[PDB]
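J.: quick one, structure for this:
(chains A, B, C, D, E, F and G)
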Amino acid sequence: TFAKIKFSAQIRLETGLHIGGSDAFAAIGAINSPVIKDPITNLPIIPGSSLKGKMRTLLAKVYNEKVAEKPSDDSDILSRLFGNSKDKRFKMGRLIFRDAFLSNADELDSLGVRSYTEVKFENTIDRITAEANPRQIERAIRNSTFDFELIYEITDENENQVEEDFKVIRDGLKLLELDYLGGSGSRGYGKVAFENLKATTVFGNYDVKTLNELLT
Amino acid sequence: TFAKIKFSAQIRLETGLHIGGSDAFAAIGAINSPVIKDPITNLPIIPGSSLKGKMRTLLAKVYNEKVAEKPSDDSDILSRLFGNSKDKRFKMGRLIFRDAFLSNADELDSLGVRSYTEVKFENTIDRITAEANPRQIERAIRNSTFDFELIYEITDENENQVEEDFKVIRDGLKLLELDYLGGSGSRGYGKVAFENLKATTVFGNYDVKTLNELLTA
Amino acid sequence: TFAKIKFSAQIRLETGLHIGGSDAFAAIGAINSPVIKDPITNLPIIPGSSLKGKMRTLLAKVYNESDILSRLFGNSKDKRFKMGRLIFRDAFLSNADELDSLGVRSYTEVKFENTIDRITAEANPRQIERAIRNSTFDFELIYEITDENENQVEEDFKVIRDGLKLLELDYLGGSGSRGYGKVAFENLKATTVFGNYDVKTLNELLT
Amino acid sequence: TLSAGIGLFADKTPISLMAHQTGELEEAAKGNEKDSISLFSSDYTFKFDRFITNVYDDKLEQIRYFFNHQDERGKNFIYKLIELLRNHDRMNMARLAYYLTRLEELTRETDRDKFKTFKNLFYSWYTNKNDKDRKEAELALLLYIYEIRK
Amino acid sequence: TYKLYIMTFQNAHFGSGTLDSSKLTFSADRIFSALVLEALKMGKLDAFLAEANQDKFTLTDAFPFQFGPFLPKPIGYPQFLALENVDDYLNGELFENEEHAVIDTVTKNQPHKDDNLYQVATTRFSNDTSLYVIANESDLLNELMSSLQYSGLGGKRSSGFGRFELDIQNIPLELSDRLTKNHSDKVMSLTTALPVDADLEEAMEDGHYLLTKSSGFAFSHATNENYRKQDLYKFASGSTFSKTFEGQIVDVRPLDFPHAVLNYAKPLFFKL
Amino acid sequence: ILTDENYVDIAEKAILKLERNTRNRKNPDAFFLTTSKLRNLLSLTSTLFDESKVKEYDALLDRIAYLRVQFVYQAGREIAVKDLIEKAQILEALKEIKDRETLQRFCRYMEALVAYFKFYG
Amino acid sequence: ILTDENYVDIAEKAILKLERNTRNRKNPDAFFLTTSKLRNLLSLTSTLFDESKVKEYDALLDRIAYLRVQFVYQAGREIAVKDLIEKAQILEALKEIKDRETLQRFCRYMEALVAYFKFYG
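T.: Numbers count the residues shown, from 1 in each chain, chains lettered A, B, ... in the order given. Dropping the coordinates below:
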């Protein structure tokens, strides 16, 4: 047997995203930390690498039996879902994160919104001397939504592990909603919300109506 | 184990604050110190960066034995709650300060409010020649209130430091009430109250019964 | 009879392709891991080996335990099936002018990545080069009708299209478990060249 | 006189791949007037005269003398200097002027004068009109970052 | 003899004895074995060999084609030459070789395997360069090479190499006048030929050739095992001679084999 | 006028040809122009340099228009910003910007004026 | 009508086409219009530009309807403004608003008047 099912959801945000791209030497008065932006539309991405890395490191705190030095030392519950470079059974591990691409440029333009990214102005105060040193960092704005999709593959007998993989994946999406995805993080910049969590099977034959209820 | 517990509070302004802001394309007469606002609802914001930043430097007069001169010279009670960069164990430390958003905007229409901020004229007077120097700086209005979430990680490295850190959290929140959170501050502009100090677990299993008795007490 | 019917698609990028490279030199502030390119054109290429092996590992999960993979992609052993009837070709970035009309400076981008240690929480940045989004490449695939094929032609077309519905679900490329692949096959048609065959029912089947 | 090509390669990359990407560099080193020590890449092909006397003992020794008698500017500063040396339009001369002058007032005022001589050196050989001093500074800072890596 | 073909590749591997090294031309028994493997399918090779065994059938390896036909360097009597330059080269001043193809080399992979890194060189042709076999105009050859358009030539050919577009043209004059096959004076084999034996003793004495070793496997459908060919040394595409010789089609079957392995080496010549 | 050639070499040449305190021989040879008055104009051109990388040019027409107002208004207040916008032909370079590649050339030109303003004194 | 591509030039041409001191040629070319009275005109629009930013036009249409009256009352008192509300088409271009981005463009036109008034005088 073989199947590919798709977790689509909508990453709304609050305290919008800084997720950095080039920290190349910027202009003199301009943005110092530009957010990662698409080359054609010049809109933000929440790329697959950030979602995958955050969701490993947040599920590594939960599903590891033992603290790992590295992703190689992760548990098999996570090594099968995020891959492992060192285990022969777990190279190419079962999940495909995809980049997320700003669903609602038209809804945000329907609202009173000029730019899809804001520049928030910010500084550090020295502790002796109380000098200030400013910052202009870009930030994909608050109520933007992003098309999140996962692909999960169902191979030879991964079939016994299907349900208790999705309990993991759901749980990982519940930890991004309590943590932040990306830059600056502990200073706001983070809050995401996965909405319309729908699991559709795309290739093959799997009964996702016994599963789509788990993601409400 | 792993748990995350969530300090909620409701920030009430008094002589409401001015967290200084954005726009260069402003005017020749209008608001020239703008306040930071939501890009989508245009309501004022308290960003979590300024909350964490005032909270460190007000807790650092109290919790540093030796004087700071830099962050990453704080005294391993603030390095674990606010992160260093230069401790191997204290880099992601244990506290997430979300940005506070304006909550009672419908309550502040039952009171006669035209706009959720105010513009305040302020005038540097010269002491010889008596010449004046006006400015119009914006600030959020007085009875504005804000949702306040602050999330705390409890791993096994929080072995018995959860209570000791919550002393520090409720010490920093009562220390912001004695100071001003951004803006002019010495001229008004600051005074913040925190009501409804309430901690709940959002992940894992942890007891919040004994946590809400050094918060509300 | 004999025929060589070719397939045709504009293969569109929904995220950025990273493919390939021979690891020239790191160049301290420049692109670690550049994308594969054309030496004359200096445009990104989807090479034919990269498409061929990728959709024969996608069909080695559907059509496995095989004869039907072996006769469509050859086998070094198995005297019948050597160069098994599918002739891939590299893909050549058709819409370059459209990418200069939508307005973009380079045809590849630099994605900034890093890797945060589980213990130290020290970063480790990467600069991976991707072939930018909404680019179309020219995909053509020769299938080769002979008499021994004319036994079994049509079930080799319920595989090929089945092998093109899977590149649209897997990624086709480099580090594509985190974005980086997501290819699509717009305007997928078939036609006959050198020989003579009827691809009317095939072109209705390619929907 | 002779003409070398030095290639840097990682752990366990095969010697068939390694002896060929270095033959390319030493035929690019034979691709100028008489001789060159073509370092790491297909560019960086310096003449041996405007090498050892001019990179390996002049510029790298001043870079090493700066960043070892000094505490506050680190690898981030060297990274941005290499970036400004690699891009280099005239606008990057303006950005480099602003950057170095702006960091000069951000030292301890006991480390200001050592930084000021280094600032004048780097800005002099960034804008030197010979066109060689920029390339030599870029490879010299490559070498200094390759030394101090942990 | 009468009609030069045109192959426009833009991606080709042509062997050279390895996979790590490719070559920009392809040494006429490759195109002849391509035609034999194209007439084995659409089963036609009996007609193609009854045609091919004739003296009407000539065939000739590839030389570059940049706005005109090229020829090899004739080895001796002071790398390729356009046909305008061959008489000036037999005086000889400087005809330094321009770029026809850049020979790239790419490392490839077989992911999640144990000895999986191979490296394929590739002649990438420079947007105008073609390769032009010279052969006798015949319809059977046109049906064969118009499908070698879509099967490819040379190298991997199912991973996207060697696939061209055929653009059959007449031979330009001063290149049709000097294709002789029976001459008695200073001549040049623009194929890779192998003489008949007594004719080979006639050939060795004042022939200025290279040797170049055509060898190195049999493609079959009747073994389920790869057997090495009979390792045929030949002559080069340069290879000046006096008193034009007559070549073979050397059966290089790996001994006790079901069918023949033909290895076309008979020359079309060039006068000088 | 300024082209994609010497437009930065114009800006340096504008700063050295700008008036100084011949008086005040306590760190002398300093400008009358204070750097805050010049960063308040770089703030405008910096937000436009950032938005030109994203938005179109028709969606910047009002914004660009307001640039001239500020370079007029800041010139009418201080005489130092007045000879800034006269030695550096800023009101003339403002009339010349018609494409995003010319908007960005003006926006980098102002950065060059600020860069060389800090570089000299 | 004032558009996003012309209003600054309209404002310059309106401040120039404006009367001056014919007599009192000790420091001549001084206007019969003072800075305080023109900043009094801009004060009427400064507290609508901020709300053109913040909230909707359907709560500001009433305040624009009174803005017509404020300009009428300022035109009637002093004759110095009275020859500025006609030169600059202020009462003509105030009826031309009908949305947010023409309210903002009108406020920028008033700022352009103040900017060129400081620049000349």
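J.: make it CA atoms for all contacts and neighbour counts henceforth
T.: Noted.
J.: the residue of the stretch 101-250 of chain E found nearest chain B sits in which helix or strand?
T.: Each residue of the stretch 101-250 of chain E has a distance to chain B, by CA to the nearest CA, and the smallest belongs to residue E:112, at 35.0 Å. In this assignment (DSSP states H and E), residue E:112 forms part of neither any helix nor any strand.
J.: give me the contacts around stretch A:202-216.
T.: Outside of stretch A:202-216, the residues that reach it under the criterion CA atoms under 8 Å, 6 or more residues apart in numbering or on different chains are A:1-6, A:163, A:170, A:197-201.
J.: tell me which element the residue of chain D most remote from its centre falls in.
T.: The outermost residue of chain D, judged by C-alpha distance from the chain's mean C-alpha position using CA atoms, centre = their mean, is residue D:16 at 29.2 Å. Using DSSP H and E, residue D:16 sits in helix D:15-18.
J.: mark which of the contacts of stretch A:202-216 are buried, thanks.
T.: Buried members of the contacts of stretch A:202-216, counted by 16 or more other CA atoms under 10 Å in any protein chain shown: A:2, A:3, A:4, A:5, A:6, A:197, A:198, A:199, A:200, A:201.
J.: just put those residues in TSV and tack on distance to chain D and secondary structure.
T.: As requested, those are exported to TSV (distance: CA to the nearest CA, whole Å; DSSP: H, G, I helix; E, B strand; the rest coil):
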residue	distance to chain D	secondary structure
A:2	37	coil
A:3	38	strand
A:4	37	strand
A:5	39	strand
A:6	39	strand
A:197	42	strand
A:198	45	strand
A:199	44	strand
A:200	44	strand
A:201	42	strand
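J.: from the residues you listed, which two are the most distant?
T.: Greatest spacing in those, by CA to CA: A:2 and A:197 (22.7 Å).
J.: need the contact list for the residue of chain E found nearest chain G.
T.: Chain G sits closest to residue E:127 of chain E, with a gap of 48.0 Å, by CA to the nearest CA. For residue E:127, the contacting residues are residue E:10, taking CA under 8 Å, 6+ apart as the criterion.
J.: that one and residue C:48: what is the separation?
T.: Using CA to CA, to the nearest Å, one gets 19 Å for the distance from residue E:127 to residue C:48.
J.: what of residue E:145?
T.: For residue E:145, the distance to residue C:48 equals 22 Å [CA to CA].
J.: what do you get for residue D:75?
T.: 42 Å.
J.: helix/strand/coil for residue 107?
T.: Going with chain A. In terms of secondary structure, residue A:107 is helix; the call rests on DSSP: H, G, I helix; E, B strand; the rest coil.
J.: my question was about chain F, not that one.
T.: helix.
J.: wait, isn't it in contact with residue F:47?
T.: No. With the criterion set as CA atoms under 8 Å, residue F:107 and residue F:47 do not qualify as a contacting pair; they are 9.1 Å apart.
J.: compare those two (neighbour count), which wins?
T.: With neighbours defined as other CA atoms under 10 Å in any protein chain shown, residue F:107 and residue F:47 compare such that residue F:107 has more, 22 against 19.
J.: quick check: closest non-adjacent residue to the more buried one.
T.: Closest residue in space to residue F:107, ignoring its immediate chain neighbours: residue F:45 at 5.1 Å, by CA to CA, 6 or more residues apart in numbering or on different chains.
J.: mind listing what the residue of chain F found nearest chain D touches?
T.: Across chain F, the shortest distance to chain D (CA to the nearest CA) belongs to residue F:115, at 4.6 Å. When the contact criterion is CA under 8 Å, 6+ apart, the partners of residue F:115 are A:28, D:94, D:95, D:97, D:98.
J.: how about the residues you listed, which pair is most distant?
T.: A:28 and D:97 (11.1 Å).
J.: and the strands in chain E?
T.: Counting by DSSP state E, residue ranges of the strands within chain E are E:3-4, E:70-72, E:80-82, E:101-107, E:119-125, E:134-135, E:169-170, E:187-189, E:240-241, E:248-249, E:264-265, E:269-271.
J.: tell me the SS of residue D:76?
T.: In terms of secondary structure, residue D:76 is helix; the call rests on three-state DSSP.
J.: now do the contacts for it.
T.: Applying CA under 8 Å, 6+ apart, no residues qualify as near residue D:76.
J.: near chain F, which residues of chain A are found?
T.: For chain A, the residues in contact with chain F under the definition CA under 8 Å from any CA of the partner chain are A:27, A:28, A:29, A:30, A:31, A:42.
J.: may I ask which of those residues has the most neighbours?
T.: Comparing the residues of chain A next to chain F by number of neighbours (other CA under 10 Å), residue A:30 comes first, having 24 neighbours.
J.: residues near the residue nearest to residue E:251 when sequence neighbours are not counted, how many?
T.: Nearest residue to residue E:251, sequence neighbours excluded (CA to CA, 6+ apart): residue E:262, at 4.6 Å. One way to gauge burial is a neighbour count; for residue E:262, by other CA under 10 Å, it gives 17.
J.: who's in contact with residue E:262?
T.: Neighbour list for residue E:262: E:33, E:249, E:250, E:251, E:252, E:253 [criterion: CA under 8 Å, 6+ apart].
J.: relative to chain B, how far out is residue F:103?
T.: Remark: distance between residue F:103 and chain B (CA to the nearest CA, to the nearest Å) = 16 Å.
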